[PDB]
């Protein structure tokens, strides 16, 4: 007999986030979301390597869901008959039934509706978890995303001062395990089922072949670079459902960082690199001070440069010579 107002949310593909309020005068609502599972073969790198992906809403990561503390989140999970496997969903933000996993197992052709109360603030992972050895396999195949539960008064610095972001991006990092053949080339498979045996063997050795943001090498570069202007406060939500990450904004800092991702704790200030524990999401805010290109990386630099984990920001505005200047350009040594 829960008779609160209902509000539908139109989810958007990462790294964008659906429109929301930070601080709100709204009371609790039932916020309604729909996720549709899609299994699909995708290209994950510039050499054309393929991968048997399984996704929420067709994307890796799944879309960011945003609600406020005390809202009730009502999710319709749909597993169309064009898929081959059972799936479910586990929200780390939710309390009971294995985060909802025990109440959302659906075969192809079925859908289910789960409601949970958002009692804990922060950014949290959600992922598929359909039992036993299937749990890691579905997660590293792409079935993970995040939810952000905001305080009703918005974010604060722990010292009584509001922290308002001008925009938010969601960067989902995915460790992928693509086996190679005898000659050393990556293998392609006709189905997730067929990829399973070789993939599981590789997974158990714990070293990924690729580590990517937003599903592919170079996904957040070029035309699809993240953007900002000098003076803008940007929130970057970062998730990793299986393996640790160490985010770093090259040329900037984390001005305010919740590395464990939970807004009941004050943020740390002035970080160079932060740490996202496997199975969690964290958040970092930075006010841009300089224009130009920034790279956002995990600062295992082999992963960043060689396995796929680099995004770009293109920042517009005026160069600040007080902060940094080339005193003398490259010249022959005297």
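Residue numbers count along the first chain shown, from 1.
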Check: On average, are the C-alpha B-factors higher in 147-155 or in 182-190?
Finding: 182-190
Note to self: Per the record, averaged over C-alpha atoms, which has the higher B-factor: 24-32 or 301-309?
What the structure shows: 24-32
Margin query: Sorting 84, 260, 104, 174 by Cα temperature factor from the record, which one lands on top?
Written below: 84
Note to self: Using only the C-alpha B-factors in the record, can you name which of 220, 162, 206, 140 has the highest?
What the structure shows: 162
Check: If you rank every modelled residue in this chain by C-alpha B factor, which third holds residue 115: lowest, middle or highest?
Finding: middle
Next item on the list: Sort the modelled residues of this chain by their C-alpha B factor and say whether residue 242 lands in the lowest, middle or highest third.
Entry: middle
Margin query: Split into thirds by Cα B-factor across the chain's modelled residues, where does residue 96 land: lowest, middle or highest?
Written below: middle
Notebook entry, point to check: Is the Cα B-factor recorded for residue 134 in the lowest, middle or highest third of its chain?
Noted result: highest
Next item on the list: Please place residue 214 in the lowest, middle or highest third of its chain by C-alpha B factor as given in the entry.
Entry: lowest
